2 protein chains.
Amino acid sequence: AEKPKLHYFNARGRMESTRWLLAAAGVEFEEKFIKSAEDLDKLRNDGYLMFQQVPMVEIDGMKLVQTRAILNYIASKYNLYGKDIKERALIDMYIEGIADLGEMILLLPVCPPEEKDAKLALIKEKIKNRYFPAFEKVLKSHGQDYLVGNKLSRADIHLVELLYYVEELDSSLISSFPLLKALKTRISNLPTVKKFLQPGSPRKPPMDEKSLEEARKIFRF
Amino acid sequence: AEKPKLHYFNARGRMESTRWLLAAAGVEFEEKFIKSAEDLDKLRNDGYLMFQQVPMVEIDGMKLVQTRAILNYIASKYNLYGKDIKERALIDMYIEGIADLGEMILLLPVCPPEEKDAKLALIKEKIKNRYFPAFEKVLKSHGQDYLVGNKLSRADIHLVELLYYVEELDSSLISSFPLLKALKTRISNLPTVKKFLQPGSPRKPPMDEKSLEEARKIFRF
Ligand SMILES: CCCCCCSC[C@H](NC(=O)CC[C@H]([NH3+])C(=O)O)C(=O)NCC(=O)O
Ligand SMILES: CCCCCCSC[C@H](NC(=O)CC[C@H]([NH3+])C(=O)O)C(=O)NCC(=O)O
C-alpha cells in the first residue's frame with residue numbers, strides 16, 4: 001500500500017532523473033534517505049538490493065534496482081514511453097544520448113583533480129558540437145512541440161533536465177539552439193514540471209563537496 | 001524488406017550483444033565493417049549516425065544508434081522482452097546488472113597498465129560475491145529453465161554471453177554456481193544459439209592487441 005518509495009541519499013546522483021519523471025507524471029512519492037554506510041548495509045542485509053546498490057524504488061508491490069529498470073517501468077506505466085515499438089526506438093536512441101552526456105556530468109566531481117579541467121572542456125565541446133546539434137535537428141525536422149509523437153514523453157523530460165544541468169555549467173552553451181531553448185520553456189511551464197521546479201520541491205541541488213564527502217562514506221569510495 | 005545491417009568494426013566491442021540477440025532470435029543479418037577512421041567519417045558525413053558513433057543498425061527501414069535502443073527494439077520485435085510491464089522490469093533489472101559487469105570486462109584492456117591487475121582483481125571479486133550470487137539466486141527462486149516468465153528472453157541470452165566471457169577471464173569463477181552452469185549448457189544447445197556458437201558464424205573472437213590498436217585508429221582514442 002504505497003506512494004512509490006525512493007531509496008537513495010539526499011542528493012541528485014542516480015535518482016534525480018526518476019524524481020523528475022515521477023514529478024512530471026504527477027506522481028507523489030516518498031523518499032527514504034540513506035545517511036550512512038550502516039543504512040545502506042541494512043538495506044543490503046534485509047534483502048532489498050539485488051546487486052547491493054541503490055537506487056532502489058518500491059513501487060507496485062515490488063522492489064526495483066537499476067536506474068534504467070526503474071525509469072522504464074515508470075515511463076511505461078504512466079504512458080510516457082511512446083505508442084509503439086518504433087516510437088520507443090526513437091525515444092531510446094534519444095535518451096541514451098542524453099544518458100551518455102549526463103553520465104559525464106554526473107561523474108565530473110569524482111574525476112582525479114588533475115583531470116577535471118580537461119574533462120570539463122571535453123563535456124562542453126561535446127555539448128556544442130555533438131549533443132545539442134543532434135537534438136536541435138530532431139526538433140527542426142518535424143517542427144512539433146515534443147521530441148516524439150507530437151506528445152509529451154520521457155524524452156522531453158530527460159532532455160530538459162539535462163538542459164538545466166548544462167545551464168549550471170555554462171549558460172551560454174544553449175545560446176545557438178533556439179528550439180532547445182523553446183522546449184525548455186515549454187516543458188518547464190507544464191503544471192507538473194512547474195511545480196517540481198518551484199522552491200521546496202523534492203528536486204535536489206547540485207552536489208557540493210560536503211555531499212560528495214557523504215557519498216564517499218556511504219558508498220565506500 | 002531487407003535483412004538488418006550492422007555497422008561496426010570487425011570485433012566484439014559494443015555490437016556483440018546485438019549479434020547474439022539477433023542470432024538467438026533466428027534472424028539473419030548483414031555486417032558492414034568499418035576499417036578506418038575514414039569509413040567512420042563517411043558514415044558521419046552521410047548523416048547516418050545521430051551522435052556520430054557506432055553501433056548503428058539498419059532495421060525495418062530506419063537507422064538506430066545506441067546499443068540499448070537497438071537491443072530494446074530487437075527484443076520487443078522478436079518477443080524476447082517479456083509479456084508485460086512487470087516482466088520487463090525484472091528483465092531490465094537483470095540485464096542492467098549484466099551490462100554493468102560486461103562494461104567492466106569490455107573496458108579492461110584500455111585501463112592503464114599500472115592499474116590493470118587491481119581492476120581485474122576487483123572484477124573477479126564482484127563476479128564471485130555480487131553478480132553470480134544474484135543470478136544463481138534468481139534461478140534457485142523458481143527452479144525454471146529461464147530467468148523470467150519460464151520462457152526464453154533476452155536476459156537468458158545476455159547472461160549466457162557474459163558467462164562465456166567470464167569463462168575466458170577465469171574458468172573457475174562459475175564453479176560454485178551450478179544453476180548458472182546449467183543455464184549456460186541449456187541455452188547453448190538451443191538450435192539458434194548452437195549454430196551461432198559453431199564456426200563460421202558472425203560471432204567474434206576475443207579482441208587482441210592488434211584489434212584494439214585498430215579501434216584506437218578508427219575511433220581516435
Ligand atoms: C559522483 C556521484 C556518485 C554517487 C554514488 C553513485 S550511485 C550509488 C552506487 N550505485 C550504482 O553505482 C548503481 C549503478 C547502476 N547501473 C544503476 O544505474 O542503478 C552504489 O550503490 N554503490 C555501492 C556499491 O556499488 O557497492
Ligand atoms: C576496448 C575499447 C572498446 C571499443 C568500444 C568503442 S565503441 C565505438 C564508440 N561508440 C560508443 O562509444 C557508443 C556509446 C553508446 N552509449 C552506445 O552504447 O552505443 C564510437 O563510435 N566512438 C567514436 C566517438 O565517440 O567519436
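Convention: sequence-line order gives letters A, B, ...; per-chain numbering from 1.
Atom NZ of B:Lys63 sits in a crowded spot, with more than 12 heavy atoms from other residues, nucleotides or ligands closer than 6.0 Å. In B:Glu114, the CD atom is not crowded: 12 or fewer heavy atoms of neighbouring residues, nucleotides or ligands sit closer than 6.0 Å. Heavy atoms from other residues, nucleotides or ligands lying under 6.0 Å from NZ of A:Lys116 number more than 12. Counting heavy atoms of neighbouring residues, nucleotides and ligands inside a 6.0 Å radius, atom CD of B:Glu28 does not exceed 12 of them. At most 12 non-hydrogen atoms from other residues, nucleotides or ligands lie less than 6.0 angstrom from CG of A:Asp117. For A:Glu125, the CD atom counts as densely surrounded, since its 6.0 Å shell holds more than 12 non-hydrogen atoms of other residues, nucleotides or ligands. Counting non-hydrogen atoms of neighbouring residues, nucleotides and ligands closer than 6.0 angstrom, the NZ atom of A:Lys204 exceeds 12 such neighbours.
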Next item on the list: With side chain to side chain contact (heavy atoms under 4.5 Å, CB included) as the test, would you mind laying out the steps for A:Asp100 and B:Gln53 before giving the verdict?
Entry: CA-CA 12 Å; A:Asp100 285 354; B:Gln53 305 171 309; 4.2 Å; yes
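Atom OH of B:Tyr131 is separated from atom CE of A:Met50 by 12.0 Å, given to the nearest 0.5 angstrom. Note that CG of B:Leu64 and CG of A:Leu90 are 7.5 Å apart. Values are rounded to the nearest 0.5 Å. Rounding to the nearest 0.5 angstrom, the gap separating the OG1 atom in B:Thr67 from the CE atom in A:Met93 is 13.0 Å.
For the options B:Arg130, B:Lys86, B:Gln52, B:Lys137, heavy-atom pairs under 4.5 Å to chain A are most numerous at B:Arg130.
Neither the backbone nor the side chain of B:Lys126 has a heavy atom closer than 4.5 Å to any heavy atom of chain A.
For the pair B:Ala89 and A:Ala69, the tightest heavy-atom approach, listed with the atom from each and the gap, is O-CB, 4.1 Å. Contact detail for A:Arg88 and B:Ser76: the closest heavy-atom pair is NH2-OG, 3.0 Å. Here the closest non-hydrogen pair linking A:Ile85 and B:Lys77 is CD1-N, 3.6 Å.
A distance of 6.0 Å or more separates the ring centres of B:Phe51 and A:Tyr94.
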